[PDB]
Amino acid sequence: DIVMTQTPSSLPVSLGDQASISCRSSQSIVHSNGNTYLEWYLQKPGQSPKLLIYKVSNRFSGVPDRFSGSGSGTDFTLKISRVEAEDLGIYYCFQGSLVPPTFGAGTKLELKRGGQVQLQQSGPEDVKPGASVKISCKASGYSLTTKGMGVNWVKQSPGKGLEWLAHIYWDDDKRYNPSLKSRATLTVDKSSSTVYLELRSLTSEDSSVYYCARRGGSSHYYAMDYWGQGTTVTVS
């Protein structure tokens, strides 16, 4: 039960303007074993979440030279010295450390006007409430049974922000989210390397778009580097 502070959700800027976001945590996110796992993500309006930063200060590959996780203690922040075209989008701060992980409500970065490895997910599922559904996440480009890597699951309810659900390690140990009331049960087909997530007795609040996410190796300090396309679930 870790609540990540919202921080300046609305962030208008002109181009080339300096940009800085913050993140603050209720309790200490410093994990037993002494590492603090904090990650920063970007979501384009149409796109899937994109990992900007892994383990606070450190940053992901393919990410432009100017970004800084400045995080220290329970206080965290991300700075962009120069803003360009594709840098626009909405940002989330995420902690992968204590118990049930959580995101921030996220920050909207919008222009002020004036003047390989691939993951694949199942199709959309539309079904009456009270029913049960199962979706697929198929991974290619690596071995799911490799040590250090596991598969997470993320749901995005529009306007309700981002939410974490379940995770399955390579050693098959599964942990779910307590708020799910342990309705969900993970499954994995090792032959075709597809990971299944089943949800029992659906309700209206369970209607959302669900994402498949890979916890990276220890080199990435267990961050979500590669994401699914997402699958969309709705109830009647």
# chains A, B, ... in the order shown; residues from 1 in each chain; ligands from 1
>>> residues_around(residues="residue A:70", least_positions_apart="2", cutoff="12 Å", atoms="only C-alpha atoms", output="MDAnalysis selection string")
chainID A and resid 20:24 38:40 53:59 67:68 72:80
>>> select_by_dssp(residues="stretch 138-203 of chain A", states="strand (DSSP E)", output="ChimeraX atom specification")
/A:138-140,150-157,161-168,174-176,185-189,194-199
>>> write_last_selection(atoms="N, CA, C and O atoms", output="compact mmCIF listing (two decimals), in the first residue's frame")
# COMPACT_ATOMS: atom_id res chain seq x y z
N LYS A 138 1.95 -13.18 -25.74
CA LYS A 138 2.95 -14.03 -26.36
C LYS A 138 4.25 -13.25 -26.57
O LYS A 138 4.24 -12.18 -27.17
N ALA A 139 5.35 -13.81 -26.09
CA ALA A 139 6.63 -13.11 -26.14
C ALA A 139 7.56 -13.76 -27.15
O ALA A 139 7.62 -14.98 -27.27
N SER A 140 8.30 -12.92 -27.86
CA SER A 140 9.29 -13.39 -28.82
C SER A 140 10.56 -12.54 -28.74
O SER A 140 10.51 -11.37 -28.38
N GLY A 150 10.75 -11.78 -15.58
CA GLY A 150 9.40 -12.21 -15.27
C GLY A 150 8.43 -11.30 -15.99
O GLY A 150 8.81 -10.25 -16.50
N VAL A 151 7.17 -11.71 -16.03
CA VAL A 151 6.16 -10.96 -16.76
C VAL A 151 5.16 -10.31 -15.81
O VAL A 151 4.58 -10.98 -14.96
N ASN A 152 4.97 -9.01 -15.96
CA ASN A 152 4.01 -8.29 -15.14
C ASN A 152 2.72 -8.06 -15.91
O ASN A 152 2.63 -8.39 -17.09
N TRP A 153 1.72 -7.50 -15.24
CA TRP A 153 0.46 -7.18 -15.89
C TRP A 153 -0.10 -5.85 -15.39
O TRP A 153 -0.21 -5.62 -14.19
N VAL A 154 -0.44 -4.97 -16.33
CA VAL A 154 -0.88 -3.62 -16.00
C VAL A 154 -2.20 -3.28 -16.69
O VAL A 154 -2.39 -3.55 -17.87
N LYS A 155 -3.12 -2.70 -15.92
CA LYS A 155 -4.42 -2.29 -16.42
C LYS A 155 -4.52 -0.77 -16.40
O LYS A 155 -4.08 -0.12 -15.44
N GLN A 156 -5.09 -0.19 -17.45
CA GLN A 156 -5.29 1.25 -17.49
C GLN A 156 -6.77 1.58 -17.62
O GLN A 156 -7.37 1.34 -18.66
N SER A 157 -7.35 2.13 -16.56
CA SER A 157 -8.72 2.59 -16.64
C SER A 157 -8.70 4.09 -16.91
O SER A 157 -8.14 4.85 -16.13
N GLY A 161 -6.46 6.51 -14.06
CA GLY A 161 -5.01 6.39 -14.03
C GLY A 161 -4.53 4.98 -14.27
O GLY A 161 -5.24 4.15 -14.84
N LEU A 162 -3.30 4.70 -13.84
CA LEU A 162 -2.66 3.41 -14.11
C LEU A 162 -2.69 2.51 -12.88
O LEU A 162 -2.59 2.98 -11.74
N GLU A 163 -2.80 1.20 -13.11
CA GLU A 163 -2.97 0.24 -12.03
C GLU A 163 -2.16 -1.03 -12.29
O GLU A 163 -2.01 -1.45 -13.44
N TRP A 164 -1.66 -1.64 -11.22
CA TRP A 164 -0.89 -2.87 -11.33
C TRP A 164 -1.73 -4.05 -10.83
O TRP A 164 -2.50 -3.90 -9.89
N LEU A 165 -1.56 -5.20 -11.46
CA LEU A 165 -2.40 -6.35 -11.15
C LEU A 165 -1.61 -7.58 -10.70
O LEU A 165 -1.67 -7.97 -9.54
N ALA A 166 -0.88 -8.19 -11.63
CA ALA A 166 -0.23 -9.46 -11.33
C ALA A 166 1.14 -9.59 -11.99
O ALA A 166 1.47 -8.84 -12.90
N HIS A 167 1.92 -10.55 -11.51
CA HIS A 167 3.24 -10.81 -12.06
C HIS A 167 3.57 -12.30 -11.99
O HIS A 167 3.20 -12.98 -11.03
N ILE A 168 4.26 -12.79 -13.01
CA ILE A 168 4.71 -14.17 -13.03
C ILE A 168 6.20 -14.23 -13.36
O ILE A 168 6.64 -13.74 -14.40
N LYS A 174 3.92 -16.73 -8.57
CA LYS A 174 2.99 -15.67 -8.92
C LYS A 174 2.57 -14.88 -7.69
O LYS A 174 2.31 -15.44 -6.63
N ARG A 175 2.52 -13.57 -7.86
CA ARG A 175 1.98 -12.68 -6.85
C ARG A 175 0.91 -11.83 -7.53
O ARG A 175 1.12 -11.35 -8.64
N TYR A 176 -0.23 -11.65 -6.87
CA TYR A 176 -1.31 -10.88 -7.46
C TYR A 176 -1.52 -9.60 -6.65
O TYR A 176 -0.82 -9.37 -5.66
N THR A 185 -6.13 -15.39 -11.77
CA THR A 185 -5.18 -16.49 -11.68
C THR A 185 -4.33 -16.56 -12.94
O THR A 185 -4.86 -16.69 -14.05
N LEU A 186 -3.02 -16.47 -12.78
CA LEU A 186 -2.12 -16.51 -13.92
C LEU A 186 -1.89 -17.93 -14.44
O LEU A 186 -1.99 -18.91 -13.70
N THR A 187 -1.59 -18.01 -15.73
CA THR A 187 -1.31 -19.28 -16.39
C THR A 187 -0.23 -19.04 -17.43
O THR A 187 -0.12 -17.94 -17.96
N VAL A 188 0.56 -20.07 -17.72
CA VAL A 188 1.62 -19.94 -18.71
C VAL A 188 1.76 -21.21 -19.54
O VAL A 188 1.79 -22.32 -19.01
N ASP A 189 1.80 -21.03 -20.86
CA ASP A 189 2.11 -22.14 -21.76
C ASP A 189 3.55 -22.01 -22.20
O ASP A 189 3.89 -21.12 -22.98
N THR A 194 3.34 -18.45 -24.23
CA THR A 194 2.26 -17.49 -24.03
C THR A 194 1.84 -17.46 -22.56
O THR A 194 1.62 -18.51 -21.95
N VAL A 195 1.71 -16.26 -22.01
CA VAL A 195 1.27 -16.10 -20.63
C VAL A 195 -0.20 -15.71 -20.58
O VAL A 195 -0.61 -14.73 -21.20
N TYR A 196 -0.98 -16.47 -19.83
CA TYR A 196 -2.42 -16.23 -19.73
C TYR A 196 -2.79 -15.53 -18.43
O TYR A 196 -2.22 -15.81 -17.38
N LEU A 197 -3.76 -14.62 -18.50
CA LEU A 197 -4.31 -14.00 -17.31
C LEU A 197 -5.83 -14.14 -17.34
O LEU A 197 -6.49 -13.67 -18.27
N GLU A 198 -6.37 -14.78 -16.31
CA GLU A 198 -7.80 -15.03 -16.24
C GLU A 198 -8.43 -14.20 -15.13
O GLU A 198 -7.87 -14.08 -14.04
N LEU A 199 -9.59 -13.61 -15.41
CA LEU A 199 -10.32 -12.84 -14.41
C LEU A 199 -11.71 -13.42 -14.20
O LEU A 199 -12.49 -13.53 -15.15
>>> residues_around(residues="residue A:129", least_positions_apart="4", cutoff="7 Å", atoms="only C-alpha atoms", output="VMD selection string")
chain A and resid 201 to 204 235 to 236
>>> closest_residue(among="A:149, A:184, A:51, A:85", to="residue A:170", atoms="only C-alpha atoms")
A:149
>>> decode(residues="stretch 53-110 of chain A", atoms="C-alpha atoms", output="tab-separated table (two decimals), in the first residue's frame")
chain	number	residue	atom	x	y	z
A	53	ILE	CA	14.23	5.46	-16.71
A	54	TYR	CA	15.26	2.42	-14.65
A	55	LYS	CA	16.66	2.47	-11.09
A	56	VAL	CA	16.26	6.22	-10.44
A	57	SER	CA	19.31	8.04	-11.88
A	58	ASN	CA	20.08	5.40	-14.53
A	59	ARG	CA	18.28	5.55	-17.88
A	60	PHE	CA	17.06	3.18	-20.61
A	61	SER	CA	18.66	2.65	-24.02
A	62	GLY	CA	17.45	4.68	-27.00
A	63	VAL	CA	16.53	7.44	-24.57
A	64	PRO	CA	17.92	10.89	-25.57
A	65	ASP	CA	20.90	12.33	-23.67
A	66	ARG	CA	19.01	14.87	-21.58
A	67	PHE	CA	16.91	13.36	-18.81
A	68	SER	CA	17.75	13.03	-15.12
A	69	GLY	CA	16.17	10.95	-12.40
A	70	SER	CA	17.31	13.00	-9.41
A	71	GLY	CA	15.59	10.89	-6.77
A	72	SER	CA	16.90	10.82	-3.21
A	73	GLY	CA	15.23	9.35	-0.14
A	74	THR	CA	11.46	9.50	-0.47
A	75	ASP	CA	11.73	12.45	-2.84
A	76	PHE	CA	12.18	11.89	-6.58
A	77	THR	CA	12.26	14.08	-9.68
A	78	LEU	CA	12.85	14.01	-13.44
A	79	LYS	CA	14.31	16.90	-15.45
A	80	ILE	CA	14.39	17.67	-19.17
A	81	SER	CA	16.73	20.50	-20.18
A	82	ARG	CA	15.50	20.69	-23.77
A	83	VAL	CA	11.98	19.85	-24.94
A	84	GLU	CA	11.39	18.70	-28.52
A	85	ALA	CA	8.53	17.36	-30.65
A	86	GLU	CA	8.17	13.70	-29.65
A	87	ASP	CA	9.02	14.47	-26.01
A	88	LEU	CA	5.37	15.47	-25.57
A	89	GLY	CA	3.03	12.98	-23.92
A	90	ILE	CA	2.10	12.03	-20.37
A	91	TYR	CA	4.56	10.77	-17.76
A	92	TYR	CA	4.19	8.34	-14.89
A	93	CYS	CA	6.48	7.64	-11.96
A	94	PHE	CA	6.57	4.05	-10.79
A	95	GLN	CA	8.11	2.08	-7.93
A	96	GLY	CA	8.83	-1.63	-8.29
A	97	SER	CA	10.04	-2.22	-4.74
A	98	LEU	CA	7.66	-2.62	-1.81
A	99	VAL	CA	4.75	-5.09	-1.78
A	100	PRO	CA	2.02	-3.98	-4.18
A	101	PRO	CA	3.74	-1.59	-6.59
A	102	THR	CA	2.13	1.71	-7.58
A	103	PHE	CA	2.36	4.50	-10.12
A	104	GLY	CA	1.80	8.21	-9.76
A	105	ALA	CA	-1.38	9.80	-11.10
A	106	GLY	CA	1.04	10.97	-13.76
A	107	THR	CA	1.92	14.29	-15.34
A	108	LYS	CA	0.38	15.67	-18.52
A	109	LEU	CA	3.00	17.35	-20.70
A	110	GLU	CA	1.23	19.41	-23.36
